[PDB]
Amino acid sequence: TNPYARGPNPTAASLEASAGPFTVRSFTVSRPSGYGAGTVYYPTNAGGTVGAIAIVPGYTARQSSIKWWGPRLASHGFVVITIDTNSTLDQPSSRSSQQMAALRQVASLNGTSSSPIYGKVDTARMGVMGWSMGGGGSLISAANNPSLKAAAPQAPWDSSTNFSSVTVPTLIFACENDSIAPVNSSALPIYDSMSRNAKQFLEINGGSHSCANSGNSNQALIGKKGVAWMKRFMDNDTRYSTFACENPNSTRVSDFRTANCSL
C-alpha cells in the first residue's frame, strides 16, 4: 500500500467538481517570514499527513488572481499557501525565493502546536505553482530545489526560457492567445527545453493570459489536471496516472503534449 495515498478513488466527475471530498479550512499567516502575506488552506481528516503547495501570483497581481487553487487543491488532500509578494513588482527570481520561504514557514507551522496545520504536513513532499512571473519563479524554484516533487505553473514567463536542468515533474498550463507572455516565446520554449523530467503542456483554446486564474471558464478541466498532476507526483499515487498523463481530447484544449508520463 502506498503510504501517501489519500481520499476516495478518483472519478472524472469528482475531479471536475468545484471541490473534492475533503472539507477545507483556512487562516491568514500572522507573521509572514520572507514574503508579503499568506493564506493557508488545509483539509480536515485527510487520513494522514499531506504534501504542501506554494502558489505565487504574477507582476502587479495579488492572491486573488490564484486564490481558487487553494480550496480546489486542499479539498483533494493538500496544504496550500497562496502568497502576496513583498512588492507586486518583484521579479521571478525574487518570487522563487519568496515561494520557498513560504514552504519553509508551512514546515515550521507543521511543528507549531498552536497552528491549525500542526502535524498535518509531510514536509518532505512539496510542490510549486504560480502565474506569469510567478510561474517563472516556480520553474526557478524547481531548478534550484530538485527535492520538490511537482511543479504546475500557468502562463509562465521568465527572461530566459532555458529550464533544461529541471528534474521535477512539471505541468505547463498555457493560454493559446496570450499577448503578455506569448506561448511561442514563453510557455512552449520553456516546455521544449525540459529534457530531464516528466512533463506536460496543456494549452487552453482561446485563452488570454489569465485563462487559469480565479474565475476562469475552464475550472473543471484545469482543476482536474492540476489536482491529478499533484496527486500523481507529490503522492506517487498511481490511481491518478491516467488522469495526469492523458490527452483530454477536448475542444477546450488547442495543444497537448506530454513526455515521460505513462498511462
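One-based numbering along the sequence shown.
Enquirer: If you average the CA temperature factors as listed in the entry, which stretch comes out higher, 63 to 71 or 25 to 33?
Expert: According to the PDB entry, the answer is 25 to 33.
Enquirer: Which is higher on mean Cα B factor in this entry, 105 to 113 or 169 to 177?
Expert: The deposited B-factors put 105 to 113 ahead on the C-alpha mean.
Enquirer: How does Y42 rank on Cα B-factor within its chain, lowest, middle or highest third?
Expert: For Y42, the deposited C-alpha B-factor lands in the highest third.
Enquirer: Just say lowest, middle or highest third for the CA B-factor of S210 relative to the other modelled residues in its chain.
Expert: Ranked within chain, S210 CA B lands in the middle tercile.
Enquirer: Ordered by C-alpha B-factor within the chain, which third holds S94? Give me lowest, middle or highest, please.
Expert: According to the entry, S94 has a C-alpha B-factor in the chain's middle third.
Enquirer: For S195, return the chain-relative third of its C-alpha B-factor as stated in the PDB record: lowest, middle or highest.
Expert: Answer is middle: the recorded C-alpha B-factor places it there.
Enquirer: Is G20 in the lowest, middle or highest third of its chain when residues are ranked by C-alpha B-factor?
Expert: It falls in the bottom third of the chain.
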